[PDB]
There are 4 protein chains.
Amino acid sequence: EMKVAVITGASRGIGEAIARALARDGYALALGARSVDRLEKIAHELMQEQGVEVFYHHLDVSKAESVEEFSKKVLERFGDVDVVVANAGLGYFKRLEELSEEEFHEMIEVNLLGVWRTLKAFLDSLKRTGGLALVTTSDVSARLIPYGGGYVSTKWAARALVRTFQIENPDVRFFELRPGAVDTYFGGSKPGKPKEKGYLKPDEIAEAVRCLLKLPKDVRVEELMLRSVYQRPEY
Amino acid sequence: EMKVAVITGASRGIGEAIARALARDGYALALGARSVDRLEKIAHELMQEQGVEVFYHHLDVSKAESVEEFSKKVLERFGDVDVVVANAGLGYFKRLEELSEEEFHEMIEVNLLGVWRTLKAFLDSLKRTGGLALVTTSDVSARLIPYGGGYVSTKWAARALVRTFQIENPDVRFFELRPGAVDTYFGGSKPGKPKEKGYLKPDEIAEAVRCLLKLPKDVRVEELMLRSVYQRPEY
Amino acid sequence: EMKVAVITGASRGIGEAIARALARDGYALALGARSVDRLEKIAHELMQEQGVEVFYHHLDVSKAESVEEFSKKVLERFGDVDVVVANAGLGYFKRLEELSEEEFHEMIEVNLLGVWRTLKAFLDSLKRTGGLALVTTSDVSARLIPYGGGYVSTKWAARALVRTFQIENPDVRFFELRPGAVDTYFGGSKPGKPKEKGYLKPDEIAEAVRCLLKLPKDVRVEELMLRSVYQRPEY
Amino acid sequence: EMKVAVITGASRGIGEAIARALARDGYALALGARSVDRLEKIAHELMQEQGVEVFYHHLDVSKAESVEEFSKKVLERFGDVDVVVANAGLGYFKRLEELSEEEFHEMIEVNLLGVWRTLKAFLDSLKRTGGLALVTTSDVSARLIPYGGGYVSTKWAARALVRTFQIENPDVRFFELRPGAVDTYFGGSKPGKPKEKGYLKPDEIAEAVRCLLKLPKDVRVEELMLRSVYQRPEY
Ligand SMILES: NC(=O)c1cc(O)c[n+]([C@@H]2O[C@H](COP(=O)(O)OP(=O)(O)OC[C@H]3O[C@@H](n4cnc5c(N)ncnc54)[C@H](OP(=O)(O)O)[C@@H]3O)[C@@H](O)[C@H]2O)c1
Ligand SMILES: NC(=O)c1cc(O)c[n+]([C@@H]2O[C@H](COP(=O)(O)OP(=O)(O)OC[C@H]3O[C@@H](n4cnc5c(N)ncnc54)[C@H](OP(=O)(O)O)[C@@H]3O)[C@@H](O)[C@H]2O)c1
Ligand SMILES: NC(=O)c1cc(O)c[n+]([C@@H]2O[C@H](COP(=O)(O)OP(=O)(O)OC[C@H]3O[C@@H](n4cnc5c(N)ncnc54)[C@H](OP(=O)(O)O)[C@@H]3O)[C@@H](O)[C@H]2O)c1
Ligand SMILES: NC(=O)c1cc(O)c[n+]([C@@H]2O[C@H](COP(=O)(O)OP(=O)(O)OC[C@H]3O[C@@H](n4cnc5c(N)ncnc54)[C@H](OP(=O)(O)O)[C@@H]3O)[C@@H](O)[C@H]2O)c1
C-alpha cells in the first residue's frame, strides 16, 4: 500500500502544497529544491504530524548533475517511485524586446530543461511501477499573454515535451497540470494575495491533485486546467 | 449546505455514474433523459440509499420544447440550481462519405444543440448561484480519428460552444469534461467491456468529477482530460 | 493543361473573387449558389473577357438533393474536377442565449453540413484527379469571439471535418482557408467597407489562393490564415 | 519600389530558395549564415543574374553578439528593412531519454533563441516600415512526433514566440511558415531526396512565400502550413 512521491520545487508554493496533500494520503515523500532549510522544516512537520516518511535533498533542476545526483539518492532511499511531480518553475514578465538573455535562459533551464531532466531521471522507475508523472506547466501552455513571451514559450515547449514523453512511454501516465494564477512566490511575489485579485490558493490545487491521484492505477489523467473565478476566462 | 445538481443523459453510463457520485456528497438531483423508467429506478434507489432528494422528468435534448419544459419543472421543484451536467451524447462511426444525413443530424442535435439548449435553459439560474456547468464532450473535442468525422466535428463544436458560454458569462463556471473511451452503451455497445480493451469505467469518471466539485466555489475547473492506460495516447 | 474548378458561394464575395482569379489562370469553372442571376452575369463576363469555359447551376448547400443534382450536372458538363472550393457560408452574431434555433440551424446546414455535402459529392472525382478541395472556414475555426458562439462552433466543426476528410482520403489535397474579416455581404453587410475598419478585400484572398494553386500537384497546402493589418491580432 | 529582405539560414535549403525567389521579384537582399563562402557564391550569382543588390555577412544566431553585429551591418548597408526571414534552424531526432544536453541546447539556441534574437534586432526597423517578419517553424509547431521531443518542443516555443511578438507589435506583420519535410540538409541529410519519399522541394516553398509576399502591404499572412502529398497527413 505504501507509495512514493517525488516533488520538485517542494520548498514553497504549489510543490509544498502538493507534498502536504499527498502526505495526508500517506505517501512517502522525496522533496527537492534549492532551499534545503525549507525542505527540512516541511519534512520534520509532515513526518510528525502525518506519520509519513520524508526524504529531502538539494536539487537545482537547471543543472544536469544535480538532477542526476538527486534521483540517485531518492531511488537509493526508497527504491522505485510511484509519482513524480515536476513542478519547479519561474516566470519573468516583460515585452520580448526587453526580456534579457539571462531571464530567458533561466526560464528555459527550469521550465523546460528542468522538467526534461526530472522526468528522464525517474523514467525507468516509473515504467516499472506504471507510475504517474505530473508536470506543473500553466494555463498558458496553450494560450498567449502580453509580457509573457519568454515564460509562455517555455510552457508551450513543456507541454510538447510532456506529450512526447507520453507517446514514447505508453507504460507511464503523464499528467499536465495547468493552473492559472496562484498565490505563491511566483513572479517575484509573496503569498498572502487575496483570491479576489484573481488567484487560486496552492492548497486548492493540491487538493485537486490529491483526489485525482486516488483514482485507480489504470486511469490516466492527462490534463487538468483550473483557474480562479476572479481570473478572466481567456483562451 | 444543500446544493442541487441537474444531470442530462442520467439514465445510464457516465450521467448515471455522476448522479450516484454526487448523491454520495448529498446533492439534491434533477435527472433527465428519454428513458423515464430508468430514471425512476435510479431515483428511488438514491433517495433511499443516499438519503438525497431526487426529481426526474422526461428530457429529449434534441427538442427545444422538451428542454424548456424540463428546465421549468426542475426550477419549480428545487429553485435555483448549483450544478448542471450537460452529458447526453451519442456517436455514429463511419467514413465521412458513408455517414448518413440522419446520423449526422442526430449527433448535431444532441452533442451540440442539446448542450446549447441545456446550458441556456439553466443559465440565469447558474448566474445567480455562481454555479457550475459541466459538459461531457470527449478527448476528441481537440483531436481527430478516422471514422469519427461526424462525431468529432460535433465535439469540436461543443468545445467552442462551452468556451464561448464561458467568455460570455464570467459569473458562471464552465467545466469541459473530456473522457476517452468509456465502458457504457455509447456507440451501440453495452457495459461490461474490460478495462484492458481500452475503457475507463463510468464510476471512475464520476469520482474524478465528484472530488473536483468539492473544491471551493471560487475555483473554476475548466478542463479535465482522462483516458484508460489501455487506450493509446493520441493527440 | 485544362483544369476544372468548382466553386460554391460563387455569386458574390470571396467565392466570386476566387472564380475571377482562377479564370485569369485559364481554369474552366463550375459555379454554384442560389442566386442564378448573379452566376449568369459573372459567367458571361468571364467567358468573354478571360476566354474560359463557365458552367453555372442553382445550388443550395443546405439541401442534400440540391448538392447531389449540382454535382451530377457539373460532372456531366466537364468530366472530373481538379479543384473544389467549398466556400458558401454565413454568420449570425448574438450572445448564445439570444441566438435563435433558426439562426443556429442555418449556420450548421451551410457552414458544416453544406461543406460535408459539397466535398462528398465530388470526392470520387478528386480522388481520381489527385485534386484539391479548398474550404473557406475562418480564422475563428481555431479561436473564440464574443457573440460568435453559433458561427464559431460551426467553423470549429468545419475544421475537424476537413481534417478528417484529409486523413480518410490521403490521395486528395485538402486546403483550409482561414480569412479574418473580409469586405463582402457576410454578416448582413454590403461591400464597400474600407480596409482601415479591419477588412481584407475578396480579390486579395483570391490572389493568395490563385498563386498557391499554381504550385505543383504534389504540394499540399493545408492551411492558410490571413487577416487585415487593421484587424487586431487575436488568437 | 525597392524593398529589402533579410534572410537567416541563407546558405542553403529553404533560406537559399527564399533568397532566390525574392530576387526574382527584385528585392535587395541581406543574407546571413555561418557559411560565408556559400553566401558569397549565392550573392554573386543573384547580383549578376537577377540584377539585385545583395549584402552578406557572417551570422551565428546562437550568439547574441553575432546577431547584433549582423543587424547593425545590414541596417547600415540598406537602411530599414521590409522583410525579415528568420529561417535558420536544425533538428536532432532521438527519444527524449537519449537526446543529449548538447543537442537540446543547440536546438533551443537556434530554433527558439535565434529566432527571438533575429526578430528583436530588426523589430524597430520593421515597425517603421510596417514590414513583414516570416519565421520558418515547422508543421510540428502544433503537433507531436516520436523522436521529435527536443525539436518539436523548440518549434512549439517558436510558435508562441512569434504570436507573442505579433500581439506586442500590431504595427508589424508576423508570418509563421510551417513546412512539412523538405529536401534539404536538415536532419543531417543532403538534397537530392525524391518527392515520393515525402519531401517538398525548397523552390516550391519559396514560390509559395514569394507570391504571398506580393500581396498588398495591408494584408497580414499569419500562417501557412504545407506538406508533400507523399507525407502522411498527421495532425
Ligand atoms: N503562481 C502562479 O501564478 C503560477 C501560474 C501558472 O500558470 C503556473 N505556475 C507554475 O507553478 C509551478 C510552481 O510555481 P509556484 O509554486 O507558483 O511558484 P513559487 O512559489 O515561486 O515556487 C517555485 C518553486 O520552484 C522551485 N525552483 C525554482 N527554480 C528551481 C531550480 N532551479 N531548481 C529546483 N527548484 C527550483 C523553488 O524552490 P527553490 O529552489 O527552493 O527556490 C520553489 O519551490 C511553476 O512551474 C510555475 O511556472 C505558477
Ligand atoms: N462511452 C464513450 O466511449 C465516450 C467517449 C467519449 O470520448 C465521450 N463520451 C461522451 O459521454 C457522454 C455520455 O455518454 P455515455 O454515458 O458514454 O453513453 P451512453 O451509455 O450511450 O449514455 C448516453 C446518455 O445520453 C442520453 N441521451 C442520448 N440522446 C438523448 C436525447 N436526445 N435526449 C436526452 N438524453 C439523451 C441517454 O439517455 P436516453 O435518453 O434514456 O437514451 C443516455 O443516458 C456523451 O456525451 C458521449 O459523447 C463517451
Ligand atoms: N466576410 C467575412 O468577414 C468572413 C470572415 C471569415 O472569417 C470567414 N468568411 C467565410 O467566407 C465564406 C464566403 O463568405 P463571404 O463571401 O465573405 O460572404 P457573402 O458575401 O455573404 O457570400 C456568401 C456566399 O455564400 C453563398 N451561400 C450562402 N448560403 C448558401 C446556400 N445555402 N447555398 C449555396 N450558397 C450559399 C451565397 O450565395 P447565394 O446562395 O447566392 O446567396 C454567397 O455567394 C463563408 O464561408 C464565410 O463564413 C467570411
Ligand atoms: N527540411 C525539413 O525537413 C524541415 C522540416 C520542417 O518541418 C521545418 N524545417 C525548418 O526549415 C528551416 C530551414 O532549414 P532547412 O533549409 O530545411 O535545413 P538546412 O538545409 O540544414 O539549412 C539550415 C540553415 O540554417 C542555418 N543555420 C543553422 N544553424 C545556424 C546558426 N547557428 N546560425 C546561423 N545560421 C544557422 C544553416 O546555415 P549555416 O550557418 O551556413 O550552417 C542553413 O542555411 C529550419 O528552421 C528547419 O527547422 C525544415
Side-chain angles (χ1 to χ4, degrees), chain A residues 8-16 32-35 38 59-62 87-91 109-111 114 136-140 151 155 178-187 191 199 202, chain B residues 8-16 32-35 38 59-62 87-91 109-111 114 136-140 151 155 178-187 191 199 202, chain D residues 8-16 32-35 38 59-62 87-91 109-111 114 136-140 151 155 178-187 199 202:
Chain A
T8 76
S11 56
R12 63 190 67 101
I14 300 175
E16 172 179 355
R34 296 166 303 177
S35 308
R38 288 285 304 136
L59 172 63
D60 183 338
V61 301
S62 74
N87 163 83
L90 79 162
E109 287 295 348
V110 180
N111 299 348
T136 311
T137 61
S138 174
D139 67 315
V140 304
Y151 180 69
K155 293 292 183 173
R178 300 175 56 218
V182 188
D183 176 42
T184 63
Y185 297 83
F186 183 85
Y199 298 98
Chain B
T8 76
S11 56
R12 63 190 67 101
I14 300 175
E16 172 179 355
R34 296 166 303 177
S35 308
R38 288 285 304 136
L59 172 63
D60 183 338
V61 301
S62 74
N87 163 83
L90 79 162
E109 287 295 348
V110 180
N111 299 348
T136 311
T137 61
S138 174
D139 67 315
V140 304
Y151 180 69
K155 293 292 183 173
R178 300 175 56 218
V182 188
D183 176 42
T184 63
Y185 297 83
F186 183 85
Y199 298 98
Chain D
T8 76
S11 56
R12 63 190 67 101
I14 300 175
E16 172 179 355
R34 296 166 303 177
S35 308
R38 288 285 304 136
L59 172 63
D60 183 338
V61 301
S62 74
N87 163 83
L90 79 162
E109 287 295 348
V110 180
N111 299 348
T136 311
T137 61
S138 174
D139 67 315
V140 304
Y151 180 69
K155 293 292 183 173
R178 300 175 56 218
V182 188
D183 176 42
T184 63
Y185 297 83
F186 183 85
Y199 298 98

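Chain letters run A, B, ... following the sequence lines, proteins first, then strands; residues in each count from 1. Both ligands and their constituent atoms are indexed starting at 1 by order of listing. These numbers come from the heavy atoms of this one structure, side chains and all, not from hydrogens, waters or symmetry mates.
When all heavy atoms are compared, the tightest approach of D/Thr137 to D/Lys155 is O-NZ, 2.9 Å. The two residues B/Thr136 and B/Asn87 have their closest heavy-atom pair at OG1-OD1, 2.9 Å. When all heavy atoms are compared, the tightest approach of D/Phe186 to D/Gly91 is CE1-N, 3.5 Å. Residue A/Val61 comes nearest to A/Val110 through the heavy atom pair CG2-CG1, 3.8 Å, listed as atom of the first residue, atom of the second, then distance.
If you number the atoms of ligand 1 from 1 as listed, the ones under 4.0 Å from a heavy atom of A/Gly13 come out as 16 (O), 20 (O). Which parts of ligand 4 touch D/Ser35 is read off a 4.0 Å heavy-atom cut-off, strictly below it: atoms 39 (P), 41 (O), 42 (O). Close approach to D/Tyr151 involves these atoms of ligand 4, each under 4.0 Å from a residue heavy atom: 6 (C), 8 (C), 9 (N), 10 (C), 47 (C), 48 (O). Using a 4.0 Å cut-off to heavy atoms of B/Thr136, the atoms of ligand 2 that qualify are 10 (C), 11 (O), 12 (C), 46 (O). Taking every non-hydrogen atom of B/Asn87 and a distance limit under 4.0 Å, the qualifying atoms of ligand 2 come out as 12 (C), 13 (C), 45 (C), 46 (O). Close approach of ligand 1 to A/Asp139 (heavy-atom distance below 4.0 Å) involves ligand atoms 7 (O).
For atom 29 (N) of ligand 2, the choice among B/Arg12, B/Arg34, B/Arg38 with the nearest heavy atom turns out to be B/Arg34. One option in D/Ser62, D/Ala181, D/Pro202, D/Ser138 has a heavy atom closer to atom 7 (O) of ligand 4 than any other, and that option is D/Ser138. Comparing A/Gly180, A/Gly114, A/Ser11 against atom 5 (C) of ligand 1, the shortest heavy-atom distance belongs to A/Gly180. The nearest non-hydrogen atom to atom 23 (C) of ligand 2, considering only B/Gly91, B/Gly15, B/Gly89, B/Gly9, comes from B/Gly89. Which of D/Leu90, D/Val182, D/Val61, D/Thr184 comes nearest to atom 33 (N) of ligand 4 through a heavy atom is settled by distance: it is D/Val61.
Contact between B/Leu59 and ligand 2 is present, with at least one heavy atom of the residue lying under 4.0 Å from the ligand. By the 4.0 Å heavy-atom criterion, B/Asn111 is excluded from the residues contacting ligand 2. A heavy-atom separation below 4.0 Å is not found between A/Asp183 and ligand 1. Using 4.0 Å as the threshold, A/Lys155 has a heavy atom nearer than that to some atom of ligand 1. Heavy atoms of A/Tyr199 stay at 4.0 angstrom or farther from ligand 1. Taking a 4.0 Å cut-off on heavy atoms, A/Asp60 registers as neighbouring ligand 1.
Between B/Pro179 and ligand 2, a contact under 3.5 Å exists for at least one N or O pair. At least one N or O atom of B/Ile14 sits closer than 3.5 Å to an N or O atom of ligand 2.
When side chains are defined from C-beta on, B/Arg178 does not count as touching B/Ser138, because their heavy atoms never get closer than 4.5 Å. Counting heavy atoms from C-beta on, the side chains of A/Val182 and A/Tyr199 never come closer than 4.5 Å. Two residues are said to be in side-chain contact when any heavy atoms from C-beta on lie closer than 4.5 Å; B/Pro202 and B/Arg12 fail this criterion. For the pair B/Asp139 and B/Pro179, the minimum side-chain heavy-atom distance is 4.5 Å or more.
For the salt bridge (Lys or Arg N to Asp or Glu O under 4.0 Å) test, no residue two or more places apart in sequence or in another chain qualifies with A/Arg34. Applying the salt bridge (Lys or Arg N to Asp or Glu O under 4.0 Å) criterion to D/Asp60, with sequence neighbours excluded, gives no partner residue.
Distance check, rounded to the nearest 0.5 Å: CG of A/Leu59 to OG of A/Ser11 gives 10.0 Å. Atom CG of D/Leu90 is separated from atom OG of D/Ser62 by 10.0 Å, given to the nearest 0.5 angstrom.
Looking only at heavy atoms of the protein, atom 21 (O) of ligand 1 is closest to A/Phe186 N, 3.2 Å. When only non-hydrogen protein atoms are considered, atom 10 (C) of ligand 2 lies nearest to B/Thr137 O, 3.6 Å. Of all protein heavy atoms, the one lying nearest to atom 20 (O) of ligand 1 is A/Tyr185 N, 3.0 Å. Protein heavy atom nearest atom 36 (C) of ligand 1, with residue, atom name and distance: A/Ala88 CB, 3.6 Å.
When heavy-atom distances to ligand 4 are checked against a 4.0 Å cut-off, D/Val140 has no atom that comes that close, whether in backbone or side chain.
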